[PDB]
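The next block holds one structure in the form of structure tokens; read it before the comments.
What follows draws every value from the coordinates through simple rules; no lab data is involved. Neighbour counts are summed over all protein chains in view; Cβ atoms, including those assigned to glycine, are modelled from backbone coordinates with ideal geometry.
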Amino acid sequence: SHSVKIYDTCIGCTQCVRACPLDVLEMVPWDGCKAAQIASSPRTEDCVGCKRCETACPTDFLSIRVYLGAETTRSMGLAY
Amino acid sequence: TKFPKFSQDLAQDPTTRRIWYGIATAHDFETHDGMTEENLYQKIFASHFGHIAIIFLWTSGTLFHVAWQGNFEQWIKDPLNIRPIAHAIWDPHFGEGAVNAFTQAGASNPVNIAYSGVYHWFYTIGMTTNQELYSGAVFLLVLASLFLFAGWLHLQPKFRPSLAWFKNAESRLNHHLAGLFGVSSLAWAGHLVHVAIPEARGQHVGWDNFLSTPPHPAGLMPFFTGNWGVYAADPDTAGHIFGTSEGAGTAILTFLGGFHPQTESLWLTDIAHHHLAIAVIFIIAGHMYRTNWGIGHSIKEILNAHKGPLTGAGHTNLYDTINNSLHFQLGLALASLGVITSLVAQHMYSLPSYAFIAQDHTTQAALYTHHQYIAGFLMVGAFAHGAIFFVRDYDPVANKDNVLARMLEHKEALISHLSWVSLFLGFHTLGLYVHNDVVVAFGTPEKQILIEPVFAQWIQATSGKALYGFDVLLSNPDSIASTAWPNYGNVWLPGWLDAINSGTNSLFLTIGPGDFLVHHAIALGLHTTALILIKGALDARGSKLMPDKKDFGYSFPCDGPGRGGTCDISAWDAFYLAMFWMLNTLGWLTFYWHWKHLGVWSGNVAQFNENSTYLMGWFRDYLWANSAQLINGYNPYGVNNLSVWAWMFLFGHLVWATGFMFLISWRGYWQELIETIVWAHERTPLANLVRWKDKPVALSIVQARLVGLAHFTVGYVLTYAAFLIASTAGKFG
Amino acid sequence: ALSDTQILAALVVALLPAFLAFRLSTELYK
Amino acid sequence: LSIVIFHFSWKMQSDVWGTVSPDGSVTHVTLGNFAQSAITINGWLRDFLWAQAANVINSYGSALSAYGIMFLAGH
Amino acid sequence: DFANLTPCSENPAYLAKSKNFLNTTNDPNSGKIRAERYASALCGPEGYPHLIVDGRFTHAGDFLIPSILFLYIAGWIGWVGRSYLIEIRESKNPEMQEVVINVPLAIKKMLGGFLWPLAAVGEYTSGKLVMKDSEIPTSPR
Amino acid sequence: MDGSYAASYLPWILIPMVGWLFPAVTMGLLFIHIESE
Amino acid sequence: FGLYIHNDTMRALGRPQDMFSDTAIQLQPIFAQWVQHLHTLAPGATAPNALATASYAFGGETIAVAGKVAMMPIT
Amino acid sequence: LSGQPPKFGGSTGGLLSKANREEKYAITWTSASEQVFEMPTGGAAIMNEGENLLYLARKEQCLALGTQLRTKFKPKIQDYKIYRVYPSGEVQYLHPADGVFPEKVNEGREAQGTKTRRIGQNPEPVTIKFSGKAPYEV
Amino acid sequence: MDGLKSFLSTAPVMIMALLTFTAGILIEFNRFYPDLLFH
Ligand code: CLA
Ligand code: CLA
Ligand code: CLA
Ligand SMILES: CC1=C(/C=C/C(C)=C/C=C/C(C)=C/C=C/C=C(C)/C=C/C=C(C)/C=C/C2=C(C)CCCC2(C)C)C(C)(C)CCC1
Ligand SMILES: CC1=C(/C=C/C(C)=C/C=C/C(C)=C\C=C\C=C(C)\C=C\C=C(C)\C=C\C2=C(C)CCCC2(C)C)C(C)(C)CCC1
Ligand SMILES: CC1=C(C/C=C(\C)CCC[C@H](C)CCC[C@H](C)CCCC(C)C)C(=O)c2ccccc2C1=O
Ligand code: SF4
Ligand code: SF4
């Protein structure tokens, strides 16, 4: 499975958690930003690796990283 | 599930990706599971032993097929007339026409003509019978057996070396400089003075009269007493015939410094003296580094004491950077090996050292092109492992402010200057070529930009070529260089000047306005390949598009369509692009070499000298004119001996265009196509019975970049080998 | 030329690098 | 479409176009190549692309030299 | 020196070609004046004039005169574009003025290129030609 | 394919084996191996 | 294309009797030849008021004008 | 897994043998109004009155369906549940794993997948050599 | 009319006017002094 890591630079803009097709990500409470929320990746065994979450992240460089790794049935998107 | 046992992350995906990536990752020993540095080094060591045995079995097979199926007995009667047979054709597909066409060079079976030049090499080093080659082949079988046993032995836990043994740079440098580069060169000088020079002068020195027949009438006592002039007493006279005794001379070590006037190559005594000098210098250079005893150098002291003001830390902590990193060591090894393979190619055609290999033209062309292609591959691999070092083994903390840190601290400046020089040189080489081409096409060839390559002509004049009218260093016999006033030790100079000023040999070819533009095209190719390679090496740690590429590794596919699109950002993709540019540059230089030598060999040098200055000259006098004998290798009338080369020509075109398929069309199209095919298989009767264990997926992005690169390379090489080998063998034997 | 039995002698000699290569590759596989 | 126009050009050059002599005989432009050469790839590369580009690459210094320039430009 | 190349006046091949130089222009004496012009050059056995790029002043017109001429009328282009681009970076919308060129300013800059080498040495001695290594944006290193 | 050289029967038997028995056996063993467990 | 590769290989191997030639294993386009036969035989039966054939590409006479072939049957 | 299936005419895009050998996914939504939606397998179907049960073969197809249920319908259907059903029989519950959709902060979730640094302080591969790890996960 | 002024001032119109002007002066110099391989 791919590992989705969220770093300190998250501004809680929710863009990654709704850009994600498989809804791997979710927003959890946090105390380090104005929005008082940070993205987490609980169901990260469902990540296919599409990187639409990295595409939607406004912070520079990136507050969310997808690190492609051991492929499985869920992380390769095979209907067969 | 079990196949990529070195990596558990590949033994889990139920796809064909694990098969492909198991084959690819199998030799990347750093990424295997349960790998420590010691097990890394020991597995590497035994892999080296297996590869040494591969090399020895390969040369054993070459010897065994020259001995068994080749006409080596017949070829050493008249090497000028008979073509050397490589091995025998045996395939059941041949019709009557192909069997009669491929029966050549005085055989009964269909045979393959050897263009590797092993016949000339075996004839020069004194091998004159099929039994000598058979003994050599069996000896190399036993030597390969010995190295296989050595590798298996050093995988045994009792004989597995420690990490301190592999990280011992000074002792390895001592034993390689002295015992491997110097003792083997000394042993080759011994074979030359004992076996090759005497059997070039006529007498048989086998293993039986090896001890009974001294190489010189004077013994070794003149060698000990210092009176070394007797070994250069009477050199080989300029009417000497190879393989027999007419004006032999009986001098084992001379330094005439020209060419043998009959074999057109260098004198074997000159070769032996060369290897003696090289062995002496390499042996004393292997006593430089500290070992168990007291004298010598420590490399850490040498490196860390080279600190200047304009670099700061200088070379501090470069010993541990090179020693702990295997990709740095492999990059340095491949860079030096690529440089000296280029050197081998550039010297074996102008200074041939084998009997009658300068008069067999196809093997000279094949050897030059072969070694220049190997040199291009090794140089690209040197830069690839520079990039892999910068990804994996580079520590920017220990390498603080030294030369590597300052390489990365200004990479934009030198990448932009390589960009400028490649753009500058490419703009004006294409501008001059298109200008010459357009004004020749407009009926006015007098309007061409024809530039005299005066600098290289001046270099040739300094080496003694007095054709261009310069009288500078060796073209002026009154100068300090030609006389060598303090000693007049120029024993080589009369022979060298007699060899450089003869128009026959390829030594210091005449260089004209058509050579200027192709040298600048070659410089453009070298600079652009270097630009891509260092742009992958220095941007392997990240650019502004992706400030972390060290964590994704070397060969990740992309980074998504975000940040504008990030398709070929990995350093592996710079390897990919520079592989294309390497193949192009070597195509340019081997095209240039081939056409220049087709002018020189045929005597009609005017064809190159007036037609190489514009691009349709390259296109109609080289590509079109010289493939006439190629594509007619099989026509509806019949088949001649250049039929397998015409077939390989078309085969290489097909492999090249399949490479286009992999490089242009990308993975999404093929993945949904395979999804439709998978539906077809799972929903049809009588084929529902057969089910895949590994789910069919399309080839990965980086995998199919590699596959298209492999196709491009293989088809490119096969097409050019077929063309170069059938164009010379079309018109020269 | 070359003998008939020298070729078979070369084959039975090269049977020894075959065995040692098989055992080296097997030991590398560990 | 490049295969279509190569098929057309070779078929008309070998089997249709040509000069009819007043005796009634017809001689074609490439002299019936297509029957035996258009069945192998070497016949397309030798009797069509190599053989019929002698008019476009030898055209330098003449009126057809613009087509040679355009040939190289397309490459 | 240069014994390989004979001057085109005393060359057989060049005389053979110059009997039939073509007409590049409407003028019917263009080939004759071209043959008279190339007769002073150095040409090889092929009969085509060669250029000498050593920097020797006997052949300074072969390369060095076009070298100086191009360097002047391309430093003109570089300096004019640089001065215009520097000028438009204080107009509160420097990006639109690359799209729509401010032609009074552009023509004023283009006629400012007469004195670019003096402007180049002035800006290099006064530090406006280059920028410091820290002041410019850069990649991770 | 006549063989003038020594042991002409040896290519007669070794071209089928290296052409078929070596590929069929090697791909069969590798197919059992890469798909085992 | 595999017929083209097969022909190209069989010509390289000196087996021109194994090729897919007209003087070898033959693959005649029998349906297109039948349609050409129907259009040659058209202007008498299946197009009574047509004096000549629709085109000479199907069959008929070589039309030579100014010494050059305008249209002749395409076999 | 209660719910009548949508009135779909069948298609070749759909459940392959992956569905009855390993997991397949069911999306269950409730709508008052009968209308027409685009199945991600290709085509158009009929939303039944009340509960629906659509079996799909990928999770991305189920979430794409739920996405178009949310955004392409003016009476937005947001009470859609996505299950993962196994041929052995047990049913998992996947997409609204907590009460509320992942965009909204439930305040009872746990921050996993969160690193305590930015990417600049990520460790470098030379430090972790032959450690069996990779520079993110250290 | 300030719109034709701002359209004739765009990058493509001005670059094509500039290229046409440089092409014109180059072509005229080749028309009057035809064949200048060197000084
Ligand atoms: C004197 C003792 C000695 C000798 C002879 C060698 C010999 C060798 N060592 Mg060893 N080694 C030594 C001691 C020695 N070592 C010591 C003491 C250390 C411990 C510190 C090591 C540690 C060490 C390791 C760790 C490794 C080696 C390796 C090897 C091999 C590298 C050479 C090779 O494969 O290409 C042969 C190269 C040459 C013969 C010369 C190079 C060619 C030059 C550039 C000239 C070019 C050729 C010329 C132009 C013309 C030739 C053309 C002609 C053929 C037609 C070779 C068998 C490697 C190996 O293969 O392991 C099995 C390996 O991985 N050794
Ligand atoms: C006038 C603006 C300007 C100037 C002063 C520079 C100056 C520089 N460029 Mg260039 N460059 C520019 C425009 C400019 N460039 C544009 C528009 C392009 C896009 C194609 C580039 C792309 C480019 C590349 C890719 C590289 C350079 C590099 C360089 C350096 C060497 C000179 C050279 O190679 O020229 C080369 C110039 C070109 C290839 C194209 C020039 C385009 C025109 C002729 C310039 C004028 C543009 C514009 C019309 C001026 C406006 C006029 C004003 C009245 C509105 C130098 C610092 C090189 C470098 O890295 O230096 C170390 C290099 O590799 N430049
Ligand atoms: C490199 C190896 C090689 C070799 C040696 C052959 C050799 C052969 N090919 Mg083949 N071919 C190959 C590769 C090879 N090909 C490849 C890679 C291609 C794909 C491009 C082809 C494509 C090709 C085609 C399409 C055809 C040939 C055919 C032929 C055969 C022509 C004569 C014949 O009728 O045989 C008859 C067949 C045989 C001799 C096969 C052996 C079967 C007999 C029964 C022996 C088995 C004995 C017994 C049952 C088992 C003994 C067990 C043992 C342990 C003792 C000939 C034996 C032709 C043919 O007739 O094929 C059948 C033909 O039509 N080949
Ligand atoms: C490993 C690595 C790397 C590297 C690689 C490369 C980069 C390579 C290249 C390099 C090269 C490849 C180089 C070359 C060299 C050159 C030289 C070295 C030259 C010089 C020579 C000489 C000096 C000579 C001279 C002379 C003459 C010419 C004549 C006679 C006399 C004399 C001899 C004096 C990198 C950094 C990436 C990264 C890290 C890793
Ligand atoms: C003389 C001669 C020669 C030689 C040459 C040489 C060797 C040179 C060198 C030179 C060099 C090696 C140079 C370098 C440079 C560097 C740098 C550093 C540069 C600078 C630049 C800049 C600063 C720029 C600026 C500008 C301007 C000026 C104007 C325009 C704009 C711009 C901004 C671009 C030859 C033989 C060929 C020929 C004859 C003559
Ligand atoms: C054709 C093609 C495919 C389809 C390729 C597939 C499905 C696999 C191709 C292999 C087939 C099975 C033929 C294999 C035959 C070869 C001789 C390979 C032999 C196996 C090796 C071990 C040598 C891709 O998946 C792809 C992906 C990304 C970019 C481009 C492409 C692409 O061009
Ligand atoms: S898109 Fe980026 S900044 Fe926005 S919530 Fe997700 S991780 Fe944070
Ligand atoms: S096209 Fe392929 S390589 Fe390029 S960004 Fe998209 S997925 Fe990555």
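The residues of segment B:548-576 that are within 16 Å of ligand 4 (Cβ to nearest atom) and either in a loop (DSSP other than H, G, I, E, B) or surrounded by fewer than 19 Cβ atoms within 10 Å (Cβ to Cβ) (or both), listed by number, are B:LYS549, B:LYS550, B:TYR554.
Here's the yes/no breakdown for (1) in contact (Cβ under 8 Å) with a residue 24 or more places away in the chain; (2) surrounded by fewer than 19 Cβ atoms within 10 Å (Cβ to Cβ); (3) of a type in the set (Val, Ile, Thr); (4) assigned to a helix (DSSP H, G or I):
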| position | (1), (2), (3), (4) |
| --- | --- |
| B:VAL397 | no, yes, yes, no |
| B:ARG406 | yes, yes, no, yes |
| B:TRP420 | no, yes, no, yes |
| B:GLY426 | yes, yes, no, yes |
| B:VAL439 | no, no, yes, yes |
| B:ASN476 | no, yes, no, no |
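For segment G:21-50, a residue qualifies if it is surrounded by 16 or more Cβ atoms within 10 Å (Cβ to Cβ), more than 16 Å from the chain's Cα centre (by Cα) and in a loop (DSSP other than H, G, I, E, B), and exactly one does: G:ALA24. The residues in segment E:29-75 that are within 16 Å of ligand 2 (Cβ to nearest atom) and β-branched (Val, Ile, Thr) can be counted, and the count is 1.
Considering segment D:32-75, and only residues there that are more than 7 Å from chain B (Cβ to nearest Cβ) and among the hydroxyl-bearing types (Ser, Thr, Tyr), the residue that is farthest from E:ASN23 (Cα to Cα) turns out to be D:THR40.
Out of the residues in segment B:673-697 that are under 29 Å from B:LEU577 (Cα atoms) and within 11 Å of chain A (Cβ to nearest Cβ), which is farthest from ligand 2 (Cβ to nearest atom)?
The residue in question is B:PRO696.
Return yes when B:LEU378 is within 30 Å of B:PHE732 (Cβ to Cβ), out of contact with any helix residue (DSSP H, G or I) (no Cβ under 8 Å at 6 or more places or on another chain) and within 16 Å of ligand 1 (Cβ to nearest atom) and no when it is not. So B:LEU378 fails the test.
Where strands (runs of 3 or more DSSP E) sit wholly within chain A, those with at least 1 residues that are closer than 17 Å to H:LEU94 by Cα occupy A:26-29, A:37-40.
Could you check how many residues of chain I are acidic (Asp, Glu), within 30 Å of E:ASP62 (Cβ to Cβ) and out of contact with any helix residue (DSSP H, G or I) (no Cβ under 7 Å at 6 or more places or on another chain)?
1
Can you give me the ranges of the helices (runs of 4 or more DSSP H) entirely in segment E:33-112 with at least 1 residues that are under 21 Å from the mean Cα position of the chain (by Cα) and of a type in the set (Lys, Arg)?
Because the criterion is at least 1 residues that are under 21 Å from the mean Cα position of the chain (by Cα) and of a type in the set (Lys, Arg), the helices (runs of 4 or more DSSP H) in segment E:33-112 that meet it are E:60-87, E:103-110.
Restricting B:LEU177, B:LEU186, B:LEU192 to residues that are away from ligand 4 (no atom under 16 Å from the Cβ), within 20 Å of B:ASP234 (Cα to Cα) and part of a helix (DSSP H, G or I) narrows the list to B:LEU192. Under the condition of being polar (S, T, N, Q) and buried (at least 17 other Cβ atoms within 10 Å of the Cβ), the residues counted in segment B:305-330 number 4. Only one entry of B:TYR468, B:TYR488 meets the criterion of being within 9 Å of chain E (Cβ to nearest Cβ), among the aromatic types (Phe, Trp, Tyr) and either assigned to a loop (DSSP other than H, G, I, E, B) or crowded, with 19+ Cβ neighbours inside 10 Å (or both), and that entry is B:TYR468. In this structure, B:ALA657 qualifies as within 12 Å of another protein chain (Cβ to nearest Cβ), within 16 Å of ligand 6 (Cβ to nearest atom) and in a helix (DSSP H, G or I).
Of all residues in segment A:64-76, at least one satisfies being surrounded by fewer than 18 Cβ atoms within 10 Å (Cβ to Cβ) and within 16 Å of ligand 6 (Cβ to nearest atom). In this structure, B:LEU538 does not satisfy being more than 20 Å from A:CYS50 (Cα to Cα) and within 16 Å of ligand 8 (Cβ to nearest atom). Any residue that is away from ligand 7 (no atom under 16 Å from the Cβ) and more than 10 Å from every other protein chain (Cβ to nearest Cβ) - is there at least one of those in segment B:87-103? For segment B:87-103, residues away from ligand 7 (no atom under 16 Å from the Cβ) and more than 10 Å from every other protein chain (Cβ to nearest Cβ): absent. When B:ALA285, B:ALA333, B:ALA345 are screened for being surrounded by fewer than 19 Cβ atoms within 10 Å (Cβ to Cβ) and either acidic (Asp, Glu) or under 30 Å from B:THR590 (Cα atoms) (or both), only B:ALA333 passes. The listed residues are B:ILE23, B:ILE19, B:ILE52, B:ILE44, and the only one of them that is away from chain A (no Cβ under 14 Å), more than 29 Å from B:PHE159 (Cβ to Cβ) and surrounded by fewer than 18 Cβ atoms within 10 Å (Cβ to Cβ) turns out to be B:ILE23.
Apart from one condition, G:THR53 fits all of (1) touching a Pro at 6+ places or on another chain (Cβ under 7 Å); (2) assigned to a helix (DSSP H, G or I); (3) among the polar types (S, T, N, Q); the exception is (2). Taken over segment H:82-96, the residue count meeting the criterion of being buried (at least 16 other Cβ atoms within 10 Å of the Cβ) and either of a type in the set (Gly, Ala, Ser) or farther than 18 Å from H:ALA19 by Cα (or both) is 2. Considering segment F:11-33 alone, what residues qualify as being within 26 Å of B:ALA98 (Cα to Cα) and at the interface with chain B (Cβ under 9 Å from one of its Cβ atoms)? Within segment F:11-33, F:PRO11, F:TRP12, F:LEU14, F:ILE15, F:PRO16, F:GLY19 qualify.
Considering only segment B:559-569, I want to know if a residue exists there that is at the interface with another protein chain (Cβ under 10 Å from one of its Cβ atoms) and either within 27 Å of H:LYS129 (Cα to Cα) or within 25 Å of the chain's Cα centre (by Cα) (or both). Among the residues of segment B:559-569, at least one is at the interface with another protein chain (Cβ under 10 Å from one of its Cβ atoms) and either within 27 Å of H:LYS129 (Cα to Cα) or within 25 Å of the chain's Cα centre (by Cα) (or both), which makes the answer yes.
Considering every residue within segment H:22-32, establish whether at least one is assigned to a loop (DSSP other than H, G, I, E, B), touching a strand residue (DSSP E or B) at 6+ places or on another chain (Cβ under 8 Å) and under 30 Å from B:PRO14 (Cα atoms). Yes; the residues of segment H:22-32 include at least one that is assigned to a loop (DSSP other than H, G, I, E, B), touching a strand residue (DSSP E or B) at 6+ places or on another chain (Cβ under 8 Å) and under 30 Å from B:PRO14 (Cα atoms).
All told, B:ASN81 falls short of being within 19 Å of B:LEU367 (Cβ to Cβ) and either among the polar types (S, T, N, Q) or without any contact (Cβ under 8 Å) to a residue 12 or more places away in the chain (or both). Taken together, the residues in segment E:45-69 that are under 17 Å from B:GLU446 (Cβ atoms), buried (at least 19 other Cβ atoms within 10 Å of the Cβ) and not hydrophobic (A, V, I, L, M, F, W, C) amount to 6.
Within the set B:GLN346, B:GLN364, the sole residue that is more than 16 Å from ligand 4 (Cβ to nearest atom), within 25 Å of the chain's Cα centre (by Cα) and assigned to a helix (DSSP H, G or I) turns out to be B:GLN364. With respect to the conditions (1) loosely packed, with under 14 Cβ neighbours inside 10 Å; (2) at the interface with another protein chain (Cβ under 9 Å from one of its Cβ atoms); (3) of a type in the set (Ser, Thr, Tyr), B:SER627 lacks only one, and its number is (1).
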